[PDB]
Amino acid sequence: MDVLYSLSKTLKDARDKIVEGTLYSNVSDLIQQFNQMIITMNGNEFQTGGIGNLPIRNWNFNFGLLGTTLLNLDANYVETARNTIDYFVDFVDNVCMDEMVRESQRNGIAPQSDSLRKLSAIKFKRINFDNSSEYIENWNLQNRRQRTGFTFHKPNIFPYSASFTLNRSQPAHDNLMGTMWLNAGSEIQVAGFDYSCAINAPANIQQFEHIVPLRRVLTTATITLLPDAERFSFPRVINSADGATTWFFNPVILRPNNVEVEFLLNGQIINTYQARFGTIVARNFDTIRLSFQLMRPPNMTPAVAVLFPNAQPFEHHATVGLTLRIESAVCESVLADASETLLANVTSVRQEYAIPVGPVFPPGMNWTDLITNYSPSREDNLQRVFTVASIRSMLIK
Amino acid sequence: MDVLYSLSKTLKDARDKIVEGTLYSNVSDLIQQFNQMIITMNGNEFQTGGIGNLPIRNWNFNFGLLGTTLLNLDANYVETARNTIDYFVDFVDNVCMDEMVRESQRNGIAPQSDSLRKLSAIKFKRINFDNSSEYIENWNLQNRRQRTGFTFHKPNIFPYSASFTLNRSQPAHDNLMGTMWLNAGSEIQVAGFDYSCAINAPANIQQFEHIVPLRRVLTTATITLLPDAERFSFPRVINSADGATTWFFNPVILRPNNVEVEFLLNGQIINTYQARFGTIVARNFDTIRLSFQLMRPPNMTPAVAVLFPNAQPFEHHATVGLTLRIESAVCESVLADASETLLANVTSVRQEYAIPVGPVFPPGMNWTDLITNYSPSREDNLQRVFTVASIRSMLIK
Amino acid sequence: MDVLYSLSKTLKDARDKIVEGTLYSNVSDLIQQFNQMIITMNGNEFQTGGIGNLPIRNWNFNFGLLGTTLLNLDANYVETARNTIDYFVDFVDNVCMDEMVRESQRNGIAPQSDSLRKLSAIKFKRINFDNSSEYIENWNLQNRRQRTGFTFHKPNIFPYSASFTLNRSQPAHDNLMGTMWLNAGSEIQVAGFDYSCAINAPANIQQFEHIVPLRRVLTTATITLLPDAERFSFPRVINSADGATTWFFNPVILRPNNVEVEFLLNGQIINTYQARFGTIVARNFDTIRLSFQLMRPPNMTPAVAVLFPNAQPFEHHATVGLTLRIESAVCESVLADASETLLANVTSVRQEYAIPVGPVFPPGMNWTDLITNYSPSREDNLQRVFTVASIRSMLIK
Amino acid sequence: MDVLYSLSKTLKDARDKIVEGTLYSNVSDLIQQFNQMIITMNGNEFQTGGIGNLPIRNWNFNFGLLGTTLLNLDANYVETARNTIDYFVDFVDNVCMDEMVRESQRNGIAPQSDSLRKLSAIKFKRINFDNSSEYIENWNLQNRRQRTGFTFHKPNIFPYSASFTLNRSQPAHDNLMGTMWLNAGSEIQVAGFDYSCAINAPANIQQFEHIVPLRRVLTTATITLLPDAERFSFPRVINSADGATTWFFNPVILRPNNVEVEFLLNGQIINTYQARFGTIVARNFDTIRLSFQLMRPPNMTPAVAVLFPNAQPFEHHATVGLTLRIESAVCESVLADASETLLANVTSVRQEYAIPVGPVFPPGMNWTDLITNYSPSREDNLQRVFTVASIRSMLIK
Amino acid sequence: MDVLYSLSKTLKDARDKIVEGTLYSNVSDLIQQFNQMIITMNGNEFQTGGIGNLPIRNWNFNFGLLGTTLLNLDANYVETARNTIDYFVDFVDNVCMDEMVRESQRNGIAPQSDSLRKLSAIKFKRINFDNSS
Amino acid sequence: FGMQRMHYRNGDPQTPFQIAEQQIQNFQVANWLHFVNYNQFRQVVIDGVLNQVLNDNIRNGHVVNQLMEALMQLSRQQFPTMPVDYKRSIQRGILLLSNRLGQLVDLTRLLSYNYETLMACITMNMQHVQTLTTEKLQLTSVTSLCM
Ligand SMILES: [Zn+2]
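Residue numbers (the deposited numbering), protein chains in the order written: chain H, 1 to 397; chain G, 1 to 397; chain F, 1 to 397; chain I, 1 to 397; chain J, 1 to 133; chain B, 442 to 588.
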């Protein structure tokens, strides 16, 4: 894995640094590493592919060393360099597509393809170069069991869970009470509704609560906390819990009284925020507890007093919402987010070559089913395949 | 173009690496490239500007070489380096503003300013240095006709198109049926509405369909697909097709039954998703086909059954929506997105100096009119001017 | 500050470049800088911490130099390098946590901790290395008073201000007129409403206006301008200005007639946009002026004409909205945004060690109260602590 | 690809130039290239075929050099030359049939067969010879991104689209108005018909219009423009738009009044022709706009006045046609035409060996479906396979 | 006219025959004609265009000869050949567009542009090559 | 070119130039090595008698224009660990040869022409078989013929 990143880093630098007319002192330390790579890789044969429609390709390396001495690199040197680089780039492309496609339940952090099991010897250890990308740094730090952090912009930590809860209900569905939520991507939109608007609740206050457990512990998260959840604020008809009948929801929106957002780690309150909106911070957490309440307004104009009678027919239903959007967060495990394209590369390779469903990953690489049951073996497989996807995304655009 | 990136890369590195007190071995390979640059650029004169209010500046280069005899760089060397660097940075700033402002219908990928046509000789080819940024890498790969990819975070692939379609309509506008949509930035919000709620449709099911053709083929796109389009879910009055009269739209929201999202490339179904929300992936596509349908709920509580009569007056109109947001995508052509500022730099240079409207780009650099008719000559001009904008954004902050 | 970035850059590179089996010519220029660092740092003692619960640690440096005699780096060299690197990484971690925690009203741009005041001597100036990150580049450019630019993706330039304005009001609250807005993060959502729908306004047109002053001058901003503000488009009950009574708001949405978005710098119109939506650009501005108007529709179908009578009871209130979202912008001062995690690191260090509220920063590091009153001394403190946070985010993941 | 053309050019010349009795000075420069070819190709083994029913053949090259010591070539030299040439011709035939049969969605311009990927090394670069054919010239010019042009005689730029449009229609189908067209090969035949013969149109003039968008930009096209489209000038019965019923069309032909043929490039009028028939020229265009109109004749003999009553029963329907035939055109992309047989060779190889339908090309190599959706990846695949077809058409007759 | 066809035939052949890696004996008779062309065209200045919107371009030829010492043509020789060929191709393109645009009632078979009237001398007659089209 | 010296292993059919060029990427020395790897005689009957002929690159002496291009590439070549006096001596000893470009182009034109005019008077076959005893050639005599 280290030598695969090293091959790709030298091929990227040798497409970048070895150009026409450049001075030799700019590339004097890269040509020695590329010659060490050629010297190491000669005499060895590899075999990539063999699963799904990924074709079996045989790789044989017989190349001459870049020892001509130039002061400014002329176009002859650039053309022979482009030939050797194009062959090695095709090789590492097929090794990366052979490694992202395989998985194992037993020990997923180990290389699974034959080519990367062959590259994991000490004969190939002199290929090794700097490990400067974030994924290979976290690979090398977790290979020695130290703390890592992946910085994500809007991480997909929440599985898709659009549902509700009726704390007070009946088959008439004309006096309901409870919460509704949308957990999607990095965004929680929650809305507790009461049809009576707390006309018989004690002190005209109805307490709502919504507890979101996470799968991995997020660290140093900037979170936009806004009131008035926008999706649960227009009238809609909703199927029941058993899916038998449908019930109508005509909301009018009160502001959330007494918002308490708590960030729990192992049941301990790490951060708490009482009636503070805008951008908040949560330094260390794996559970988000939103505790908002609906208070009946004690003074109402005649346009408002016709909405909430004391009797039964409520044509306008009180609804109170919050919105919580994790903008950026540092997570020790791998995830998906709106910035990288690594999950897209993994799914593109697994869908392009018509790959059968294996033992670990969900069918079709369903990220909702992958983050719903995010086991440590699936975590190891996901980190390995994302690291190889980062390597191929360095070489192949 | 390669030598302009090389000038800017050396000036960026020589502002970074040549500092006070640093060791000479840290900068021993940069001073040789900077001396090669001084040796190449001496004796040459340039002329920048001359269009709009961009002033004509004459450039003459007569500089001495930098010393190669220190062990730690003292402040004398830093001050003479800062002088030479500030003159070259002003030169390359005016060359980049002279190149982003010009365009040609005939062959836009060629340099248009006099200074960059003069820099495109082999006398200046020994200036050349590493080409490591994404735009100059894709420039050098498309100069040899190989595959490229620009990675965008929320790409502006959709032109602004807020409109509707009435599949069933009359001048009374009290029993309507059809779709509405908002295509903006990277976001499609579509909503099919029926006023009758499929009370006379066969099997109480009304089929909607919305086909969005793209202008360039996106590759490996992560897409957030949510139901219940939020913008078309509140009551509004809307002008008619001819703009004569206005009609009222009072929506109640059903959930989308039988969502089928298809990603078409050349009419072939590449990816398909049947009733799956959350984050989806689309590996290769240039057409997005959303096929959702409105089903009348067969079991309704008395709060719902008063909304949808069998007769004509429908005060509550059934409406079903979807939202599709491309979070990140790899596109072979250049675009604009929410991450880079290159389009902002191009428009700032073209608006600061009061530049007349030329033959290629839209008046005022309208991105909606630029991506509505995204011709290959306009594509070549846009890629060239974005590459020069990336170069100037390296030097000028 | 320069030498602290230099220590962290060498430790990052020496974790990256000094690996097992790599060629010596790849690391031949890094080992000399790391040996210069060891030679400079020996014989010196430091003391970090001493505020809040940050513990006092004493640092003593007595290390041998690294060998310069290998061809391929074996595992002995890697293990002794990992020992020296882990000690220096712990040192620079505690220096950065000692510097981010302190502040001064008098001159905040100066180092405040004892360790960084000791590192600011010319004895330690030979530690210095390349300054390539964006924050240390803008640090070095503002240390010489030149123009800088921080590129932000969705900058938090707006303080949280959710409020309204009643241009026409009475204690009955049945015929109201005025604007409502949400300024949050990078997003302005504004909506002017009239209950009469301009039935007595001259020419049936009511002019709205919303002026947002900024705190720092943004430059080259890409801005998504959409109509129909989504948050102020559903019915809600709202407390009054004095908080005494509540009033009801039942909106129906007209489209915004005659949108004029102006970008003011020092009262001068820099950019203006008349009825153009989608992505717009604003090259230089510190005030955003939105001027939209509500026009009563002169032709209405019978479904619309029942909404707006000539008499007093208006059960459906005309409402017209706009949405303005700054996607990316270049600002000369430091800010927070959805891309970086530096504010999260600063708040995590200040909240982890239970730090008392000082003279400059708001209690609890409230970003709304920090950008509401964004004084230049607070600007200097914020830039210094963000630069140190960027340094620690390079070393500590 | 260059070396494959070089192999075929030398084998073609060595079948042509190396004959019995010819002087040695006529062939003195060809025998050296053929000996360089033998020296390069010895010791190498190849493997062709393996897809469909194309058989796997193994190729081993062990040949002696040809003699350079004759004055007139005797029959011994001709027979040993014919042996070596027949073996190399069989080799290059199977390499070309192995390359035309394969395709790739990712980068189609790259070689796909194993033999041509092996020939793309610099070991085989000394095989290279002159590149004089049009397809290898345009291959080498587009490998450096310069302008190319393929000269076609009657290019198949139009997909087969025989349809119509009813601007005025009813279920009786006795008073119709609109256009009919046939787009086939290089020929547009259009005919606008009115059943009333503009008896109620303003000024007795009915305006017709027919806009044909092209897929690739044609350049310097000679076009035969004739009036009176011959196919839509006899009576026929035609199915309706939904295919339910059929309607009758009994045309009498007026001449086209006020013909305006415009050649649009990016919406700009490049060439225009007002009432000029015969051979016209169109220098640069990708859209053809035909604007002809039907004028009722103001003076009619009694044989004509019985055809067009003022009342409803029209047994004779006014019809006005044009014919536009592109005789020859220069196109930058590859196409098919009536002169070359390259598409026929590609389809013959793909149909002879029973090849499965791949990801790029249409099933059965449907040229109508290939030019209907003519994507750039399909363009690259089509150009590569046409170049290999041109090479094989040089060798194999 | 004969020398204009000769310039274009040598530039076409030198784009075709002078490629990377080809043997020198394949191009040994073309490089001598191309060097004769360079030797003839040096020291001369031309002026093309000047009618309609065809822009006036001034042409100055100062080129070194191509090397005659390789066995297989390497990429250095190909790149310097591509430079000289691209300049001469731009020259002959503008001469041909300057000649197709002009006409004369008196004697139309004579060259009308200034550049082709200058090329019709016997100083330029050693440019001449095969006339096979 | 900084490469480690080869161990030959006699049992292979590959000569040291023939391994060397597959191990050396220059485009100037590799031209020369690939010439010498496959210069051999070409067996053709001329008027009945078999004859062993050179190729035309030796025959007109044009191949020396590549050997001297490959030799003065070895002269601007800094050697990575050779002592500098022996390195300057071997570079100037290559330059002794590489400055006799025309003097040796013409010599291998003359040698090949004498071989031509005397090969015409051969009347038996020119069969190439490895004979038992060999005529010993001194390379000192070749340096004499060169210089
Ligand atoms: Zn983002």
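Backbone N, C-alpha and C fix where the C-beta goes; we use that ideal spot for every residue, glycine too.
Starting from residue i and walking both ways along the alpha helix (DSSP H), at which residues does that stretch end?
i: G:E137; result: 134-142
i: G:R378; result: 376-395
i: I:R350; result: 342-352
i: I:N94; result: 75-100
In the structure shown, what three-state DSSP assignment does residue i receive?
i: G:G108; result: coil
i: B:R541; result: coil
i: J:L54; result: coil
i: B:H503; result: coil
Could you tell me whether the Cβ of residue i comes closer than 8 Å to any Cβ of chain I?
i: B:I563; result: no
i: J:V19; result: yes
Got a sec, what are the start and stop residues for the beta strand (DSSP E) residue i sits in?
i: G:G178; result: 177-185
i: G:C331; result: 317-331
i: G:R283; result: 278-295
i: F:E260; result: 257-265
i: I:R236; result: 236-239
i: B:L491; result: 490-494
Nearest to residue i by alpha carbon, out of the options?
i: F:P359; options: F:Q105, F:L382, F:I396, F:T301; result: F:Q105
i: F:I157; options: F:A354, F:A389, F:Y374; result: F:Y374
i: G:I205; options: G:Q293, G:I211, G:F285, G:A75; result: G:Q293
i: H:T287; options: H:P298, H:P297, H:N271; result: H:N271
i: F:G185; options: F:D93, F:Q36, F:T220, F:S328; result: F:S328
Of all Cβ atoms in chain H, is any one closer than 8 Å to the Cβ of residue i?
i: B:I465; result: yes
i: G:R15; result: no
State the beta-bridge partners of residue i as determined by DSSP.
i: F:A162; result: F:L182
i: I:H210; result: I:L290
i: H:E45; result: H:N60
i: F:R168; result: F:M177
i: I:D194; result: I:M177, I:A318
i: G:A221; result: G:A282
Less than 8 Å between CB atoms is the rule here; does residue i satisfy it with respect to chain B?
i: J:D74; result: yes
At least one CB of chain G closer than 8 Å to the CB of residue i: is that the case?
i: F:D130; result: yes
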